[PDB]
């Protein structure tokens, strides 16, 4: 199966979780493509992919509710071609804030609205992949069960 992991990371934690997931999922025997959202072009982004994993860290203040580069992507979700594609979301954040990883539900909500099938429960964790290998690895496993 072909998996795209697109992520937005401003201090590298979500980017870190994305690296790990690719690792874990490629060890499942799959072809994975890692994509920085700062380098992504929404238009037809999902073409050729069996599933798409979206990573977006949380930023409560100035930043309209999401990470920079992901916000520009998200806003063009309906150009991505998610209809009938497997999708899941993950994020790094901090519990000490009122809204912990609020972009996870949003991504699931939108993708679902566009004909996409959520295959795994949203990953909400703190720190990098090494901070919570177990949470990371449950997300990957869930994913691998639908591929």
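Positions refer to the first chain, counted from 1.
- As listed in the deposited structure, the average C-alpha B-factor of 57-65 and of 96-104 is greater for 57-65.
- When the modelled residues of the chain are ordered by their C-alpha B factor, residue 83 lands in the highest third.
- Residue 130: CA B factor lies in the highest third for its chain, per the PDB record.
- For residue 37, the recorded CA temperature factor ranks within the middle third of the chain's modelled residues.
- When the modelled residues of the chain are ordered by their C-alpha B factor, residue 111 lands in the highest third.
- Per-chain ranking of the deposited C-alpha B factor places residue 140 in the middle third.
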